[PDB]
Every structure is written in C-alpha cells, then in structure tokens.
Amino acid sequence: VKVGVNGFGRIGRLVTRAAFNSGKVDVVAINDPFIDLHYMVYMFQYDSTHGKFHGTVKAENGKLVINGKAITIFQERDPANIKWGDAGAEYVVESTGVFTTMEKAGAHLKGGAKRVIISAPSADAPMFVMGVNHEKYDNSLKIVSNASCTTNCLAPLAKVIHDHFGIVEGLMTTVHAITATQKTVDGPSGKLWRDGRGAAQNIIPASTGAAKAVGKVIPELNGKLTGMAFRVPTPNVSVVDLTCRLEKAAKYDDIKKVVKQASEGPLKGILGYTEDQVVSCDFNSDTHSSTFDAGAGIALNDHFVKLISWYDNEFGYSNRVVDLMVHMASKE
C-alpha cells in the first residue's frame, strides 16, 4: 500500500521509520506545516532514543528521499487541502493528535485518500488493537483508530488472561517514560496542573483512559477495568502494572504457561514473553506491543494477582500502525 503521513512528530517519524525498517508499507507523502524539508532530513536522521537512521536520508529536488525512495512533502494546516490523491497516497496516517475525531480526520478524504488511520484514541472512530480485535475491521470503515500505546500493551495481555481465567475486575497502573506534552521545568499546563511540573525531577501522577478503553476492544471487559499512571524521568519504554481478580483459580505457573503459549502462537510479534532479569532499557526499540515479565509479577493467591508487561511506547505502537494498514490492505 502507498501511504501518506500527516504530522512529522515522534509518531509520524517512527511510523515512517517502521515503514522503511520493516518494508511493510510505502510512504510516498508527508505533511507538516511547521517542519520544512531540510529540517525533516535532520529530525528523521538523528534520534536521541532510537539512534541514527539505518539507511539514507537526503533532500533532493524539493522531496525527502529516504533509502532512494522520493517522498512528496506538503505544508498544509488544513488537511482538506492536502493533495494526497495526486501523490498516490492510498492510506493516510493522522498522527498530529489534533484531528482524532471522525469528522476532523475525514478532512483527508477530501484530498484523495481512500482511508485514514488515526494514530491515537478516537471519541467516535472505531478503534482496533492488532491481535485483539483487528479482524472486526471491514471495507466499509474509511476512518479508523489504532487506539493508544498503553491500550495496545494492556489489551493483548488482558485478552489472554481473560480467555483462560476470566477477569472479574482489574485496576492498572502504567509507569510511563516522559512524553512531549511534559515540561522540562515547572511550567504552565493549564488543563492538567501536575503535567506542568518539571519532568526530570518528578514522579508525576496522571489520569489515563487506556484501561477503560480495553473494554471497547474486548466487550466482555467493559466496565471491569480502569487505572491511572505515573510519569517518571526515563526517555522511553513504559510498563503496565495490572492487578486483577480472576474467576477461575490460576497458579502463577499456569499464567506464565498460558502467556508463553500465546506469545509463540496467535500473538507472536504482538505479545512477548520473558523470564530474564530485564529492565526498561532492554526493550528500547523492541517492536512488541506488550512483553510479559514473568519474574516481575507476583500473586497473593490463586484469584488475586499483579501482572507486569513492558512496552516501548514509541516503537511498538508505531509498528502496530503499520501492521494495521497491512491488514486493511489485505481486505481491500
């Protein structure tokens, strides 16, 4: 599939990188009114957390040339004015974080785009999580959402645990690496006061609808999950801490077994499994949506257990956006 990407931020750049490192889709256009061609070369080439881009990045003839492939560049604030159709872009990845509504994201279709994938939760667009409910997608859906990075980490795990033991209720906490929405020093945040406090100095409590969203991709869990988060001073990689009450008795060993089996089969590449003495950095640039940490979790009894799963909030999610588009194309 030929793809267009709106917004060249962390998500836009990593989705583009994933498209190229994996070769699964072909990026032929990028739109960003604030980042010009030459700056794009720089931002895509050098990455503090994921390293310098493996391949080539040059600006040739007004176009961004990555690994030899020329990419048309646009500078439109209003997506409706982006000529995706002329660039040959069939699918458009909406990653600005500003057009997450069915209506706003629809603006891309007015330029030639056949379909739009919102790289963020949507209030009305149907949300999908690879490995959990992506087969519920059909050709009538012109605008879809790939949910959030945290939802993509919890949903795969929640599905396995619920199918095998039945989740009566659960509460999650995600210890999250600092994000771009945060501030370097105590600054104005207006909406969320705690988010304005110095990121590198604090452990910051924050709200998140990721746990509740899992009830949307896994209907049986609707109303049985919710949680919150703590933003901590690490550049990348976060972890889900799921405390849940199980319906059927489950020894910790059986939980490991069931998850391991899932990571080697139906959820391979999506849900990972490890028993090694890992730490956050061991998952930097890891493409999994969620990686179960056997040794980190702990059970109180056969019905009350705390499960731990890692996720490169940047890389994993970006790869799922590409995997979602591949699945969609196979349904055309």
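Start at 1 with the first residue shown and count on from there.
Of the two stretches examined, 263-271 and 54-62, the record assigns the greater average C-alpha temperature factor to 54-62.
Two stretches are in play, 15-23 and 314-322, and the higher mean C-alpha B-factor belongs to 15-23. Note on the listed residues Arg77, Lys224, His176, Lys159: the highest Cα temperature factor in the record is that of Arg77. The PDB entry assigns the greatest CA B-factor among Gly166, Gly111, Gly196, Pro205 to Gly111.
Per-chain ranking of the deposited C-alpha B factor places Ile117 in the middle third.
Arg245 sits in the middle third of its chain by CA B factor, as recorded in the PDB entry. Ranked by Cα temperature factor within the chain, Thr150 sits in the lowest third according to the deposited record. In this PDB entry, the Cα temperature factor of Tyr39 sits in the middle third of its chain's modelled residues. Among all modelled residues in its chain, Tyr252 ranks in the middle third by Cα B-factor.
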